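Scroll down for the structure; my scribbles are underneath it.
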Amino acid sequence: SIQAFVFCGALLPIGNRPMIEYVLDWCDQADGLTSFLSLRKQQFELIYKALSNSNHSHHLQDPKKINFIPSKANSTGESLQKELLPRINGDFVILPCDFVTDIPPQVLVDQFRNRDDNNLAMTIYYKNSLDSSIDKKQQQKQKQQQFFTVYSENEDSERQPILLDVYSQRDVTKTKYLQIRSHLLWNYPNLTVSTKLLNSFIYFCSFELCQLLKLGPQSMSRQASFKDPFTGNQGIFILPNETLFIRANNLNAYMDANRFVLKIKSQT
Amino acid sequence: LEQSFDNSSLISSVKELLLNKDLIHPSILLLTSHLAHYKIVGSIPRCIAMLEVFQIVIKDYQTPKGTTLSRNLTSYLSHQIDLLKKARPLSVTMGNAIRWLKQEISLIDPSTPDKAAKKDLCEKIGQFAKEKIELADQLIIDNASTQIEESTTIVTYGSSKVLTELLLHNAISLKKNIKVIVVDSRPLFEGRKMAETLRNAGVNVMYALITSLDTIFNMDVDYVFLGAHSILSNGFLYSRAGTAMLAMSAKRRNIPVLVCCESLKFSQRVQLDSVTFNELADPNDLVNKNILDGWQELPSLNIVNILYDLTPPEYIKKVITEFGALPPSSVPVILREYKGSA
Amino acid sequence: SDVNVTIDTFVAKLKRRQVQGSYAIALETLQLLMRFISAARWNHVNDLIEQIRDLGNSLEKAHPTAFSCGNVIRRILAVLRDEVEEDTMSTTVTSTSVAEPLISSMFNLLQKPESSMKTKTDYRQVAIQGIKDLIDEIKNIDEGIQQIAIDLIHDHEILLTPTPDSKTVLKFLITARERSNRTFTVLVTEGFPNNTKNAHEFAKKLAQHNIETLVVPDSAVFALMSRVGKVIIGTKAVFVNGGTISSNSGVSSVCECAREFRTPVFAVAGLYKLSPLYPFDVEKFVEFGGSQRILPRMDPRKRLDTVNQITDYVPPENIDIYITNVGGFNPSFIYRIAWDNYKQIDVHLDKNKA
Amino acid sequence: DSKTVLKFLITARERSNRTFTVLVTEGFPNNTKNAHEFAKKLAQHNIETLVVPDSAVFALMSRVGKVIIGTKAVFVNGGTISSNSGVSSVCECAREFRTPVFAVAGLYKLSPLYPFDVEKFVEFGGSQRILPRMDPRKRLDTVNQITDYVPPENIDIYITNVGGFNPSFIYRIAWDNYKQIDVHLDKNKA
Amino acid sequence: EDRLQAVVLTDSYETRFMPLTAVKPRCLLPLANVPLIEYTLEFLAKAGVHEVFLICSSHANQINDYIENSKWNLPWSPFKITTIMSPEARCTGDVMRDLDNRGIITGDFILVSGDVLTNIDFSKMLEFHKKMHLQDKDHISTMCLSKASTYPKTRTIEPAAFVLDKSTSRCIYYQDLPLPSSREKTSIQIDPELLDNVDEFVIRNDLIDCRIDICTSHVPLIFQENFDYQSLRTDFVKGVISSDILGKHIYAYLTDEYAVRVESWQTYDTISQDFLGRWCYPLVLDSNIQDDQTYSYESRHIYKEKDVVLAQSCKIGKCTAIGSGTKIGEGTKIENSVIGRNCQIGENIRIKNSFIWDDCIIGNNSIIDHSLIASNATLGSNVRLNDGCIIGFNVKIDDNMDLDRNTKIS
């Protein structure tokens, strides 16, 4: 069934709990949120785990296999392909390094339930939240994302919205200036893209370890370039998905996690 | 309050369970998730889909130590049925399969090493729907086709369950001329699934709504065929809501009405009133800022949504099953001769 | 002239549905009609009916299926068609007044031989009040409705209407709860997908006056018909058979389903909602709608066909009573009220008297 | 005069706690002995009951939409041999308003015979209690009737011990209990 | 607010209908037994206008005499009607600048290019345009378009792809999508320098073009000195938004229902059937306004006038329309096709999906499929047709003539 997996890549945790730990019991808060197991690298685990294995009367069944090579020593796209053949059990869920939230994944695995659209991966994301102001930092490093934003107002078709391609600043907007293949436009041709869409790295997954074996998706680094090719005829192949929401959650990507915990994440 | 059918307690709106004594199959929650949030079934689609998850859930046996496989699965599978009862109460297409399945739980002995437990159950419960459904529907095909001439019309109601395959056979597999009249109703627009399919099949389809029903009958029209949900022991057709209004009118307008059905869709129970034994389904659905909101909290307002309703058997002219055709008063004689006997 | 362009913009008002309903078009065809009365020089009393019969044929041929405008022009002719014979025999000496309103209509065509002295101008001003007394009748038709229907209906019975788009019973069931303090309920269905705009508007205002109301869907109305033993139908127009031209959608088959359970079927109609014409074809008065709001996908390549309908017609055998301002009446009696308001000449309202 | 529904509507109020009323007419002038006895015991179990006269039963038939008839015997047509008096025409008046017509009958109340003549099973009564004056010189004539028969078209269901059944299905229950020889129960097998 | 000016221009698609159009304009051609001048004219009669300005770059003499025989030269019409003659090949926009050099047009006014047909209200378009006035003084216009939802790639001639704002619906850029059956030219380009103050913006395809735009009189003066623009949207709506002029905001508008414009015969194939069906609610055919027709409606979309001689045993199928002066024969078949007025139908002919115009006599045993026939073109016996026969005006056809696909004969 559902399986967890955590990636990794100042380091001192500010909000009175370890940075690495914030996805351990948070993804398994109640019954429901129970995956099969979670996996992690070493990351000097003795400080982390000895406090993480405290207060035990709760059947904390924690197996955790350790590697070292997909830990910024190798690209986590191609290196993960060999790291799944003993790891496969059923459906997959990956986790980013230091994710935080407010609304629990109990309603996010509810989004994984009613997925009879023979999907392979849905991606629950969110944009930027309400920031401070016109900041005293550098310019807006905007990840220009290439996707379909709002829900489909059409029955039976892309009933959750679709991520189509994936790019950012400095790759296309500074070389080819936002060019899109009109061929990949032809499937669901009424798209909407945004700029503040924070790649939440959550990435509900499925049995494409049985079906990644054809050539073309095997050269994928960064774990998103599978619908970045249209993968069709010059019919269409399998489909991705994407989901987001309105308010009342968190995450962190940048060095602003020092100030995310200051005024936004206060706990009482 | 004078009829007090709002206080007819055939269903509630209870949800939000958390119990984990049983090992609940995750995929059978998906079946209940696929029903109650937005209904995607007829009755024999359920009888397929209820069987679709049953072959999977028996494959994960998980038989405990001091318990025979005859002793646990009569509790294990039946505890998962109550998950469906929270979503939607059963049909006879539900009901006749599961009591037949509980026979098969009981007729096994403590001899199976659980490797043999697949194929004595798997093909057997596969040969159930192979015989009781699939080639049962094959005998529907030849029987209805000889009762239909070319260049005529068919009036259906809602999403059909078996006569979709009948209309495919006469339009494509026999190529005789035919015009199709599909009518469905607010809120469940399940007849549009047929309206997509038969014009994807390339045949003359005239979609309709039940409020405009007279002007269909004011044209060249005959051969009203119907889907079904169960047949009463009298001859009443317990079926989808709004079936009887065309069934009274077409019988009033002296053109015959048939009900495509099967012996699996018979029943031992009997009644003769529409609002006695039924199911309500989430009164928020008949709304779509909207026009009104607040059937709750406002004085003197309620939304009903009838799912099932009876039709008098005098409206039905001929009842066709896989064994053949029969007049509607002669329904319960198969209950002593084939159902549990054949 | 200036009245000849106000009729043209009124002709333009009746093309693209610049007014709807059986109420407001009758007031506005009549206020506009007084401009033609005040600017006419007929010079002979048979010219003035010629001044108006072509105008109706400039109106009824312009748009047939509206009738609250179509029946006024014949009735306001009939008040002058009365007074031609008034000044005819009063001009003569021998048989000045018999004054019995009914002569045997079979024999009248079958016997053919071949102070206010004249006061030729009075046909104008008696139509000027003929403008006024018609509208003032229309303003309070509901008092003759409410005098007889609380007599006709009783206290403790569940009810049903298929016409939420009837401002009569929208206003009537207020005072049917208010003055007469009878408690009951009303089932209400939708005119899907057209009066469901007003069907949700209908029971909400009745929820304010809290008459135990609940909305049924259109498919369920057979399944609860066994409980209810009384239905009222707010119609739009009514013809000589007692077959009435109803409101938009869904109301004919449920009027049929009511009749099959031996349930009495009620109707309300103002006296100006009468029409002296005959329903020759049912389908020349059954107006349809659009393929837009009955399925919005608009496939050009699959491209099925679908039918809407924004007029239902019922036979008089499916109806029982006519709650009017002047009493309740048989479905077959409708001629005698009508021929006390209309004449046999202008029912064939056309210049070609072939 | 049906001890079935006399006993049944006790527990139809008691176990199932449904509240309703029953109109009750008289079998004039014969079951009016028991008609006043009937609603009184139902007044003890207080099911909102009220006694109607026999003439009024059309005038309140528009209100009521369900009638039950406790019959005495039942034949192969589904035409049943009912109780004493008054029940056939009101079963007809019920059918005209498209009202469902109920009946209760034990399985031993079945009969494998056919109603050839209706009048050979319609038994009458006496001239005594229908007028007591007994004039010998004026001496009019008058008719009593202590058996009513209904056609199966005026009946809808047979609430029995083995289920509810069609008016036309009655043979199959009967021929599962009777044979074709002794229905002509006579020594002369002509 | 008041004084609703307008500008109507036909005569841009003479390239499109070249087997026809030699004797009469495209706008004069009958859609359903009546032309499509007045489809626009009654639609801007719904607009409540005061004056129009015609453009007749060709066939100019046979325009105004039809207006002389219309109701529009008779003084109760919503507008007085004015025409402007012109020589041939006077393209769009250059018709504007010479008119702008004349300069009659004041304030707001109505561009109708091509020939349009719709059901959209004039009301909710215009306060939306006034909402742009209350949100911007550097505004340009509001381009109302529909949503061809279930069908991409069947807007026949040109596929148009639009990118616009989420909130303000400011059209960001236009780039013409290539031919969808051509799988080769697979690239669009939008320069992101002008994408500054939007940051959530919608890029669509299914906005079906109808060229129905209304705008102020300042933007043709902007269009005046920029004399190197030759089209409406192929060059000008790009260059006004591709950063060359600074701070100029053009909006579009989307509606949820019917609006369309004729491009080819394939557009003339589809929307004729859509208008014959109830897809043109409320602007329906039995209104009978224009040549004050006598059509009576019957079910399965039957449009019969009076004086219609229907023979015995001739089945009339769905989606048909019959004028007066017509006579069908025995054993023919009428299905899914308009029929011209004042024509003759012989014996055993299966008219199917073919738009036969006025004064046509069809010989016996000559079935017609997907083959519209213009005026005065009679036939003979055993004249078999197929797809794309767009045979023209007054064409005598002898017996036994079978034809091939796309027979554009005259």
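Residues are named by chain letter and number: chains run A, B, ... in the order of the structure tokens, numbers start at 1 in each chain, and ligands are numbered from 1 in the order shown.
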Next on the checklist: DSSP on the backbone: which residues in stretch 135-331 of chain B end up as alpha helix (DSSP H)? Give the answer as a PyMOL selection string.
Outcome noted: chain B and resi 136-145+163-168+191-200+213-217+243-252
Write the residues of the preceding selection, restricted to C-alpha atoms, as a PDB file, in the first residue's frame.
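Output saved as out14.pdb:
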```pdb
ATOM      1  CA  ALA B 136     -27.341 -14.213 -19.451  1.00  0.00           C
ATOM      2  CA  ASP B 137     -27.071 -10.911 -21.320  1.00  0.00           C
ATOM      3  CA  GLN B 138     -26.322 -12.889 -24.495  1.00  0.00           C
ATOM      4  CA  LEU B 139     -29.780 -14.478 -24.374  1.00  0.00           C
ATOM      5  CA  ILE B 140     -31.246 -10.975 -24.028  1.00  0.00           C
ATOM      6  CA  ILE B 141     -29.748 -10.092 -27.416  1.00  0.00           C
ATOM      7  CA  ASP B 142     -31.399 -12.672 -29.678  1.00  0.00           C
ATOM      8  CA  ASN B 143     -34.738 -12.434 -27.874  1.00  0.00           C
ATOM      9  CA  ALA B 144     -35.176  -8.672 -28.149  1.00  0.00           C
ATOM     10  CA  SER B 145     -33.801  -8.444 -31.704  1.00  0.00           C
ATOM     11  CA  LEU B 163     -30.066  -2.768 -23.327  1.00  0.00           C
ATOM     12  CA  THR B 164     -27.184  -0.476 -24.282  1.00  0.00           C
ATOM     13  CA  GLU B 165     -25.565  -3.669 -25.569  1.00  0.00           C
ATOM     14  CA  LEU B 166     -28.898  -4.543 -27.184  1.00  0.00           C
ATOM     15  CA  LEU B 167     -29.047  -1.198 -29.002  1.00  0.00           C
ATOM     16  CA  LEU B 168     -25.446  -1.661 -30.144  1.00  0.00           C
ATOM     17  CA  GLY B 191     -28.734   9.064 -19.583  1.00  0.00           C
ATOM     18  CA  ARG B 192     -26.154  11.388 -21.151  1.00  0.00           C
ATOM     19  CA  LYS B 193     -23.656   8.524 -20.850  1.00  0.00           C
ATOM     20  CA  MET B 194     -25.872   6.592 -23.257  1.00  0.00           C
ATOM     21  CA  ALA B 195     -26.263   9.750 -25.349  1.00  0.00           C
ATOM     22  CA  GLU B 196     -22.485   9.950 -25.671  1.00  0.00           C
ATOM     23  CA  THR B 197     -22.129   6.241 -26.396  1.00  0.00           C
ATOM     24  CA  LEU B 198     -24.753   5.572 -29.062  1.00  0.00           C
ATOM     25  CA  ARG B 199     -23.797   8.609 -31.121  1.00  0.00           C
ATOM     26  CA  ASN B 200     -20.180   7.552 -30.720  1.00  0.00           C
ATOM     27  CA  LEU B 213     -42.073  14.282 -22.533  1.00  0.00           C
ATOM     28  CA  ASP B 214     -45.343  14.756 -24.447  1.00  0.00           C
ATOM     29  CA  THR B 215     -43.939  16.022 -27.758  1.00  0.00           C
ATOM     30  CA  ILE B 216     -41.774  12.907 -28.050  1.00  0.00           C
ATOM     31  CA  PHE B 217     -44.977  10.871 -27.894  1.00  0.00           C
ATOM     32  CA  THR B 243     -39.805   5.657 -14.845  1.00  0.00           C
ATOM     33  CA  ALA B 244     -43.556   5.312 -14.329  1.00  0.00           C
ATOM     34  CA  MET B 245     -44.618   8.645 -15.870  1.00  0.00           C
ATOM     35  CA  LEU B 246     -43.619   7.508 -19.327  1.00  0.00           C
ATOM     36  CA  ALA B 247     -44.768   3.998 -18.402  1.00  0.00           C
ATOM     37  CA  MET B 248     -48.237   5.329 -17.664  1.00  0.00           C
ATOM     38  CA  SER B 249     -48.273   7.682 -20.658  1.00  0.00           C
ATOM     39  CA  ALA B 250     -47.041   5.290 -23.347  1.00  0.00           C
ATOM     40  CA  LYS B 251     -49.487   2.693 -22.043  1.00  0.00           C
ATOM     41  CA  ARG B 252     -52.124   5.436 -22.106  1.00  0.00           C
TER      42      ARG B 252
END
```
With 10 Å as the cut-off and only C-alpha atoms counted, what is the closest atom pair between each nearby residue of stretch 254-340 of chain E and stretch 35-46 of chain E? Distances in Å to one decimal, ordered by chain and number, as a Markdown table.
```
| residue | atom | partner | partner_atom | distance |
| --- | --- | --- | --- | --- |
| E:262 | CA | E:36 | CA | 9.9 |
| E:283 | CA | E:43 | CA | 9.4 |
| E:289 | CA | E:42 | CA | 9.3 |
| E:290 | CA | E:38 | CA | 7.3 |
```
Since we have the selection now, will you write its residues out, keeping C-alpha atoms, as a PDB file, in the first residue's frame?
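Saved file selection.pdb follows:
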```
ATOM      1  CA  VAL E 262     -18.513  32.678 -41.207  1.00  0.00           C
ATOM      2  CA  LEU E 283     -32.793  34.167 -32.166  1.00  0.00           C
ATOM      3  CA  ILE E 289     -38.938  39.108 -39.523  1.00  0.00           C
ATOM      4  CA  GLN E 290     -36.894  39.924 -42.570  1.00  0.00           C
TER       5      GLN E 290
END
```
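Proximity to chain B at a cut-off of 8 Å picks out residues 31, 113 and 114 of chain A on chain A, counting only C-alpha atoms.
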Checklist entry - If you measure from atom CA of residue A:135 to atom CA of residue A:259, what distance in Å do you get, rounded to one decimal? => result 12.7 Å
Checklist entry - Which residues come within 9 Å of stretch 329-341 of chain C, counting only C-alpha atoms, excluding same-chain residues fewer than 6 positions away, as a ChimeraX atom specification? => result /C:74-75,78-79,238-243,271,274-276,316-317,319-323
How would the residues just picked look written out with N, CA and C atoms as a PDB file, in the first residue's frame?
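The resulting file, part29.pdb, is shown below:
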```pdb
ATOM      1  N   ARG C  74     -59.966  41.993 -29.568  1.00  0.00           N
ATOM      2  CA  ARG C  74     -61.290  41.497 -29.920  1.00  0.00           C
ATOM      3  C   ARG C  74     -62.329  41.949 -28.903  1.00  0.00           C
ATOM      4  N   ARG C  75     -61.959  41.961 -27.619  1.00  0.00           N
ATOM      5  CA  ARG C  75     -62.904  42.331 -26.570  1.00  0.00           C
ATOM      6  C   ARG C  75     -63.222  43.819 -26.607  1.00  0.00           C
ATOM      7  N   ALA C  78     -65.581  44.324 -29.149  1.00  0.00           N
ATOM      8  CA  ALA C  78     -66.901  43.802 -28.811  1.00  0.00           C
ATOM      9  C   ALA C  78     -67.727  44.797 -28.008  1.00  0.00           C
ATOM     10  N   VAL C  79     -67.077  45.675 -27.240  1.00  0.00           N
ATOM     11  CA  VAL C  79     -67.823  46.705 -26.530  1.00  0.00           C
ATOM     12  C   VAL C  79     -68.318  47.768 -27.505  1.00  0.00           C
ATOM     13  N   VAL C 238     -56.256  30.395 -22.059  1.00  0.00           N
ATOM     14  CA  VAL C 238     -57.264  29.342 -22.124  1.00  0.00           C
ATOM     15  C   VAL C 238     -58.147  29.565 -23.350  1.00  0.00           C
ATOM     16  N   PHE C 239     -58.435  28.475 -24.059  1.00  0.00           N
ATOM     17  CA  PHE C 239     -59.180  28.489 -25.306  1.00  0.00           C
ATOM     18  C   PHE C 239     -60.617  28.021 -25.082  1.00  0.00           C
ATOM     19  N   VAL C 240     -61.344  27.817 -26.185  1.00  0.00           N
ATOM     20  CA  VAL C 240     -62.777  27.553 -26.116  1.00  0.00           C
ATOM     21  C   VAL C 240     -63.106  26.123 -25.706  1.00  0.00           C
ATOM     22  N   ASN C 241     -62.180  25.174 -25.871  1.00  0.00           N
ATOM     23  CA  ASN C 241     -62.461  23.802 -25.464  1.00  0.00           C
ATOM     24  C   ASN C 241     -62.432  23.611 -23.959  1.00  0.00           C
ATOM     25  N   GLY C 242     -61.839  24.541 -23.223  1.00  0.00           N
ATOM     26  CA  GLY C 242     -61.384  24.238 -21.890  1.00  0.00           C
ATOM     27  C   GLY C 242     -60.018  23.599 -21.849  1.00  0.00           C
ATOM     28  N   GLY C 243     -59.384  23.400 -22.997  1.00  0.00           N
ATOM     29  CA  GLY C 243     -57.974  23.092 -23.020  1.00  0.00           C
ATOM     30  C   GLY C 243     -57.201  24.387 -22.928  1.00  0.00           C
ATOM     31  N   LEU C 271     -60.197  36.768 -16.120  1.00  0.00           N
ATOM     32  CA  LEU C 271     -61.179  36.842 -17.197  1.00  0.00           C
ATOM     33  C   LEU C 271     -60.540  37.339 -18.488  1.00  0.00           C
ATOM     34  N   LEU C 274     -58.887  34.705 -20.946  1.00  0.00           N
ATOM     35  CA  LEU C 274     -59.707  33.957 -21.881  1.00  0.00           C
ATOM     36  C   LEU C 274     -59.294  34.266 -23.315  1.00  0.00           C
ATOM     37  N   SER C 275     -59.609  33.335 -24.214  1.00  0.00           N
ATOM     38  CA  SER C 275     -59.338  33.543 -25.619  1.00  0.00           C
ATOM     39  C   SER C 275     -60.439  32.875 -26.429  1.00  0.00           C
ATOM     40  N   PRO C 276     -61.079  33.597 -27.350  1.00  0.00           N
ATOM     41  CA  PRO C 276     -62.171  33.018 -28.140  1.00  0.00           C
ATOM     42  C   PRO C 276     -61.728  32.106 -29.273  1.00  0.00           C
ATOM     43  N   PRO C 316     -59.198  19.338 -22.017  1.00  0.00           N
ATOM     44  CA  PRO C 316     -60.147  19.687 -20.947  1.00  0.00           C
ATOM     45  C   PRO C 316     -60.612  18.501 -20.121  1.00  0.00           C
ATOM     46  N   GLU C 317     -60.364  17.269 -20.567  1.00  0.00           N
ATOM     47  CA  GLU C 317     -60.715  16.110 -19.754  1.00  0.00           C
ATOM     48  C   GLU C 317     -59.779  15.961 -18.561  1.00  0.00           C
ATOM     49  N   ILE C 319     -58.729  18.556 -16.850  1.00  0.00           N
ATOM     50  CA  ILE C 319     -58.960  19.703 -15.988  1.00  0.00           C
ATOM     51  C   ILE C 319     -60.373  19.580 -15.423  1.00  0.00           C
ATOM     52  N   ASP C 320     -60.616  20.263 -14.309  1.00  0.00           N
ATOM     53  CA  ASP C 320     -61.891  20.108 -13.618  1.00  0.00           C
ATOM     54  C   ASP C 320     -62.634  21.419 -13.409  1.00  0.00           C
ATOM     55  N   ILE C 321     -61.939  22.494 -13.038  1.00  0.00           N
ATOM     56  CA  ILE C 321     -62.593  23.729 -12.623  1.00  0.00           C
ATOM     57  C   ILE C 321     -61.773  24.902 -13.149  1.00  0.00           C
ATOM     58  N   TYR C 322     -62.415  26.066 -13.229  1.00  0.00           N
ATOM     59  CA  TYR C 322     -61.760  27.321 -13.585  1.00  0.00           C
ATOM     60  C   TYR C 322     -62.082  28.345 -12.508  1.00  0.00           C
ATOM     61  N   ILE C 323     -61.199  28.435 -11.515  1.00  0.00           N
ATOM     62  CA  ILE C 323     -61.302  29.461 -10.491  1.00  0.00           C
ATOM     63  C   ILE C 323     -61.010  30.790 -11.169  1.00  0.00           C
TER      64      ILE C 323
END
```
Item to check | Spatial neighbours of residue E:210, 10 Å, only C-alpha atoms, chain gap at least 2 places, as a PyMOL selection string | outcome: chain E and resi 112-118+143-146+207-208+212-213+259-263
Store the residues of this selection in a file with N, CA, C and O atoms, as a tab-separated table (two decimals), in the first residue's frame.
```
chain	number	residue	atom	x	y	z
E	112	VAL	N	-17.76	45.52	-36.70
E	112	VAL	CA	-18.18	44.19	-37.11
E	112	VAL	C	-17.49	43.85	-38.44
E	112	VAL	O	-17.86	44.34	-39.51
E	113	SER	N	-16.45	43.03	-38.36
E	113	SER	CA	-15.77	42.51	-39.53
E	113	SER	C	-16.28	41.11	-39.81
E	113	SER	O	-16.84	40.45	-38.93
E	114	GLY	N	-16.06	40.65	-41.04
E	114	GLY	CA	-16.67	39.41	-41.48
E	114	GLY	C	-18.18	39.53	-41.49
E	114	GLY	O	-18.75	40.60	-41.69
E	115	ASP	N	-18.84	38.40	-41.22
E	115	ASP	CA	-20.29	38.34	-41.11
E	115	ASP	C	-20.64	37.42	-39.96
E	115	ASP	O	-20.32	36.23	-39.99
E	116	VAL	N	-21.32	37.96	-38.95
E	116	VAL	CA	-21.40	37.33	-37.65
E	116	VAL	C	-22.82	36.82	-37.41
E	116	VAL	O	-23.77	37.21	-38.08
E	117	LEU	N	-22.94	35.96	-36.41
E	117	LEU	CA	-24.24	35.45	-35.99
E	117	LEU	C	-24.07	34.96	-34.56
E	117	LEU	O	-23.09	34.27	-34.25
E	118	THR	N	-25.02	35.30	-33.70
E	118	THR	CA	-24.81	35.16	-32.26
E	118	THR	C	-26.14	35.21	-31.52
E	118	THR	O	-27.22	35.30	-32.11
E	143	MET	N	-12.86	42.83	-26.62
E	143	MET	CA	-13.14	41.94	-27.75
E	143	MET	C	-13.97	40.77	-27.23
E	143	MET	O	-13.45	39.86	-26.58
E	144	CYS	N	-15.26	40.77	-27.55
E	144	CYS	CA	-16.14	39.70	-27.08
E	144	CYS	C	-15.99	38.48	-27.99
E	144	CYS	O	-15.99	38.61	-29.22
E	145	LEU	N	-15.84	37.31	-27.39
E	145	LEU	CA	-15.69	36.05	-28.11
E	145	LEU	C	-16.38	34.95	-27.31
E	145	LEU	O	-16.60	35.08	-26.11
E	146	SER	N	-16.73	33.86	-27.99
E	146	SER	CA	-17.33	32.71	-27.33
E	146	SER	C	-16.27	31.70	-26.92
E	146	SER	O	-15.07	31.98	-26.91
E	207	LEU	N	-11.27	30.36	-27.83
E	207	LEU	CA	-12.02	31.59	-28.09
E	207	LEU	C	-12.21	31.71	-29.59
E	207	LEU	O	-11.31	32.11	-30.32
E	208	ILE	N	-13.40	31.32	-30.06
E	208	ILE	CA	-13.70	31.35	-31.48
E	208	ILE	C	-13.84	32.79	-31.96
E	208	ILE	O	-14.48	33.62	-31.31
E	212	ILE	N	-16.03	40.86	-33.31
E	212	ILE	CA	-17.01	41.81	-32.78
E	212	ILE	C	-16.31	42.57	-31.66
E	212	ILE	O	-16.25	42.11	-30.52
E	213	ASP	N	-15.76	43.72	-32.00
E	213	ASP	CA	-15.09	44.59	-31.05
E	213	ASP	C	-15.74	45.96	-31.09
E	213	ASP	O	-16.19	46.41	-32.14
E	259	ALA	N	-21.69	32.64	-30.15
E	259	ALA	CA	-21.31	33.70	-31.08
E	259	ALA	C	-20.33	33.11	-32.07
E	259	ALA	O	-19.41	32.38	-31.68
E	260	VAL	N	-20.52	33.42	-33.36
E	260	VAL	CA	-19.76	32.77	-34.42
E	260	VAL	C	-19.69	33.71	-35.62
E	260	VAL	O	-20.45	34.68	-35.72
E	261	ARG	N	-18.75	33.44	-36.52
E	261	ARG	CA	-18.57	34.22	-37.74
E	261	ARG	C	-18.19	33.28	-38.87
E	261	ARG	O	-17.43	32.32	-38.68
E	262	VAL	N	-18.73	33.55	-40.06
E	262	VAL	CA	-18.51	32.68	-41.21
E	262	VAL	C	-17.10	32.87	-41.75
E	262	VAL	O	-16.66	33.99	-42.01
E	263	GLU	N	-16.38	31.76	-41.91
E	263	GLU	CA	-15.07	31.75	-42.55
E	263	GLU	C	-15.09	31.07	-43.91
E	263	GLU	O	-14.70	31.66	-44.91
```
Next on the checklist: Contacts from chain C to chain E, 8 Å maximum, only C-alpha atoms: show me the residue list as a PyMOL selection string.
Outcome noted: chain C and resi 5+8+15-16+63+283-284+289-292+297-300+307
